[PDB]
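Here the structure is laid out as structure tokens; the discussion comes afterwards.
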Amino acid sequence: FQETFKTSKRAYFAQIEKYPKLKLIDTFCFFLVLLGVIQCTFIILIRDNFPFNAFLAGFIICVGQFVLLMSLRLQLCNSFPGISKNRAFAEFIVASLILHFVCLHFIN
Amino acid sequence: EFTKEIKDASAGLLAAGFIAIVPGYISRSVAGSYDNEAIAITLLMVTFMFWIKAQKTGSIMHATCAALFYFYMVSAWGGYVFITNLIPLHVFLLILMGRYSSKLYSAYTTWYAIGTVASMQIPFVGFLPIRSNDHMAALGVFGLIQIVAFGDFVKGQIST
Amino acid sequence: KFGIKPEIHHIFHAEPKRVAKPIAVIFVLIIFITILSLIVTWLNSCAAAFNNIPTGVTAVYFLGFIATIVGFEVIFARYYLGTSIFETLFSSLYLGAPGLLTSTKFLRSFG
Amino acid sequence: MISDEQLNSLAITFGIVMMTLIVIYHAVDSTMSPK
Amino acid sequence: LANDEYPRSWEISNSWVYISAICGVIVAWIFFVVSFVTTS
Ligand SMILES: *[C@@H]1O[C@H](CO)[C@@H](O[C@@H]2O[C@H](CO)[C@@H](O[C@@H]3O[C@H](CO[C@H]4O[C@H](CO)[C@@H](O)[C@H](O)[C@@H]4O)[C@@H](O)[C@H](O[C@H]4O[C@H](CO)[C@@H](O)[C@H](O)[C@@H]4O[C@H]4O[C@H](CO)[C@@H](O)[C@H](O)[C@@H]4O[C@H]4O[C@H](CO)[C@@H](O)[C@H](O)[C@@H]4O)[C@@H]3O)[C@H](O)[C@H]2NC(C)=O)[C@H](O)[C@H]1NC(C)=O
Ligand SMILES: CC(C)=CCC/C(C)=C/CC/C(C)=C/CC/C(C)=C/CC/C(C)=C/CC/C(C)=C/CC/C(C)=C/CC/C(C)=C/CC/C(C)=C/C=C/C(C)=C/CC[C@@H](C)CCOP(=O)(O)O
Ligand SMILES: [Mg+2]
């Protein structure tokens, strides 16, 4: 397993250095995970989940943003047949500012 | 427009001609009936159309439309459970058949992440899409696909 | 009960209890410092900075695109402060129509 | 108001016209399109 | 009780950590979108 890790780490860390705009994505996905964990830690420490709709609104806005970022990264690494690298952004923006409105309506 | 995907446009008009006059659909949409099914089958088709258009192409904008029309069907009828348990079955059958691609990931994850949080906004549905057994299938497949994508990366850099 | 009947009162249910303020304040400070850390990582550490910037008419389209992206989130934030849904819809339809054109013009011009 | 037999005839004529134009379209497309 | 008469999401003290997360994700997303079209 050591050989696989050795041959994958340098490959990924060279790919992320050849393309700069693949470092914007992942270091924005990573921290999202942290946010999720933090919220979970909170519900663990305060063992009562009184506003459960608020917890869901604060956790979905992380999960459903991580998945959209991952889809954008996949569609930028090697684009899909019909759609170009410029629809990949103007569709991610629309889906993101629809999810944001849904998650702002959920929490109130 | 949904049969225009499965085959050429010439084979879709026939389907329309069938569904315009057929007693199995006329029975519940007669001139006087004002039930939920009156509006609940149209959306049933439209969502499926977009899902095909989203799964066949892989775009995100064709899965957000499917999520929006699935929220509209959730608001309009209590038979959304059928879609919620049929789309994951399609994705799963494509997973184990060995036809996983980078299009299923984007399409399904966008559809789920938007449709579930949108369908939670109906006061009658409430928190069921995370509590009831019916919707659990969808959630399961969500987790499953998150694994498979990572597995694909391993295939990219590991001998078969 | 010809003469008189005993008094009756309704025993309510206890309301669900909130949590102490200091814990929430600590957990808000943690999220704030995390966001600031992400911003600092973007700016300086990861060397991901503003290499090329649009100028002239492409810069005006850029300003329009930013104006649209920020205006939608201002609309959503104002809707989160008890604004009517219909008003939000009208304010979004009066901003998408110019904003869609400007954003498409920018994304086709710049690439 | 329109009677009931007149409406029955109208519905049957609409269905026949639809089912004939569909076949005309399909038989034009089968030949004229590159196969 | 109608939806408009429940206590707001900021009057509660248990849910001040679930609004900071949303505001932070929104701010980070805005800055990300801005920096994406301004980088080689
Ligand atoms: C669907 O429709 C159906 C039918 O329409 C609905 O069913 C009805 O629901 C009603 C409410 O749930 C219910 O009413 C209650 O029935 C209880 C039955 O008790 C039986 O046993 C006792 C002995 O133990 C018998 O005396 C009694 O006759 C029955 O045979 C009653 O016990 C309830 O009485 C209490 O409430 C009434 C109304 O307020 C009071 O007048 C009465 O004195 C009791 O009050 C005590 O409890 C209340 C609880 O809120 C307190 O507020 C109050 O201050 C009293 O408190 C004292 O006692 C408690 C308990 O010991 C103690 O803790 C406290 O300190 C005090 O000492 C009441 O009568 C109907 O019977 C029922 N009908 C049928 C046919 O089933 C159904 O709800 C509908 N569904 C929905 C979802 O709405
Ligand atoms: C932290 C952050 C921020 C980010 C991190 C990253 C990230 C993205 C995280 C995301 C979250 C994660 C990671 C989650 C993890 C979870 C996991 C990994 C799980 C394991 C996987 C499994 C196990 C898969 C396998 C499926 C599986 C369980 C299968 C078992 C369950 C099952 C099979 C249940 C039952 C199936 C069933 C019942 C099927 C058929 C049912 C149907 C079709 C019903 C339809 C009925 C109809 C038609 C109803 C219509 C009703 C109307 C007609 C009438 C209505 O009435 P009216 O009111 O009049 O309208
Ligand atoms: Mg019914």
| remark: The answer for the net charge of residues other than D:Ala11 whose Cβ lies under 13 angstrom from its Cβ, with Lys and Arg +1 and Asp and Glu -1, is -2
| message | Looking at segment A:6-45, I'd like the Rg to Rh ratio, where Rg is from alpha-carbon atoms and Rh is Kirkwood's inverse mean 1/r. | response | 1.22
| How much net charge surrounds B:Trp77 when only the other residues with a Cβ under 11 Å from the Cβ of B:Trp77 are counted, with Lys and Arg +1 and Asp and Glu -1? | -2
| field | Net charge over other residues, Cβ less than 10 angstrom from the Cβ of C:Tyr61 (K, R count +1; D, E count -1) | value | +2
| Any idea which of A:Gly36, C:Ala14, E:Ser9 is furthest toward the positive side of the dipole for the protein assembly as shown, if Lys and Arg beta-carbons carry +1 and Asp and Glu beta-carbons -1? | A:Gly36
| message | Tell me the Rg and the Dmax, in Å, that the Cα atoms of chain A produce. | response | 17.4, 51
| Charge dipole (the protein assembly as shown, unit charges on Cβ, about Cα centre) - positive-most of B:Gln121, B:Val46, A:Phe55 | A:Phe55
| remark: Note on segment A:32-80: the mean projected area of its alpha-carbon convex hull, in nm², is 3.7 nm²
| query | Beyond 22 Å, what share of the Cα-Cα pairs of segment C:20-111 remains, rounded to the nearest whole percent? | reply | 56 percent
| note | When chain B is treated as a Gaussian network with springs between alpha carbons less than 10 Å apart, the largest mean-square fluctuation among B:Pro129, B:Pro23, B:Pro88 is found at B:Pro23
| said: Using helices alone, I'd like the mean residue ellipticity at 222 nm for chain A: each DSSP H run of four-plus residues gives -39500 (n - 2.57), total over residue count, nearest 500. | reply: -28000 deg cm²/dmol
| query | Which of the helices in chain B meet the span-like rule: DSSP H, Cα axial reach of 18 Å or more, Kyte-Doolittle mean at least -0.5? | reply | B:37-57, B:61-76, B:80-96, B:102-119, B:133-156
| message | Checking the a/c ratio against 1.5 first, then a/b against b/c, what shape does the Cα gyration tensor give for segment B:1-159? | response | oblate
| task | Just tell me which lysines come within less than 29 Å, Cα to Cα, of A:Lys6; anything on the same chain fewer than 8 places away is out. | result | A:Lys18, A:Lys21, A:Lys23, B:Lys155
| task | Mind putting a number on the dipole of segment C:1-90 about its Cα centre? Charges go on the C-beta only, +1 for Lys and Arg and -1 for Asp and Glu, and I need it in Debye to the nearest 20. | result | 480 debye
| field | Calculated [θ] (222 nm, deg cm²/dmol) that DSSP helices of n ≥ 4 give over chain C, each run adding -39,500 (n - 2.57) | value | -22000 deg cm²/dmol
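How big is the charge dipole of the protein assembly as shown about its Cα centre, in debye rounded to the nearest 20, if each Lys and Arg gets +1 on its Cβ and each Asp and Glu gets -1 on its Cβ?
1420 debye
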| remark: Log entry: pair-distance distribution for chain E, C-alpha pairs binned every 5 Å from zero, whole % per bin is 5, 19, 15, 15, 13, 11, 9, 6, 4, 2, 1
| task | Excluding residues on the same chain fewer than 8 positions from B:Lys4, give the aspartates and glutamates whose Cα lies under 19 Å from its Cα. | result | D:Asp29
| note | To the nearest 20 debye, chain B has a Cα-centred charge dipole, built from +1 on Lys and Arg Cβ and -1 on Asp and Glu Cβ, of 320 debye
| request: Could you name the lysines whose alpha carbon sits less than 22 Å from that of C:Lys5, not counting residues in the same chain fewer than 8 places away? | output: none
| request: For helix A:87-107, report the angle its Cα long axis makes with the longest principal axis of the Cα atoms of chain A; keep it between 0 and 90° and round to the nearest 10°. | output: 10 degrees
| field | Cα gyration tensor shape for segment B:1-58, rounded if a/c is under 1.5, else prolate or oblate | value | oblate
| query | Scattering from the C-alpha atoms of the protein assembly as shown alone, worked out with Debye: what is log10 I(q)/I(0) at q = 0.11, 0.13 1/Å? | reply | -1.05, -1.36
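Laboratory data are not the source of any read-out in this text; all were calculated from the coordinates shown. Every residue, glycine among them, receives a Cβ derived from its backbone with ideal geometry; neighbour counts consider all protein chains shown.
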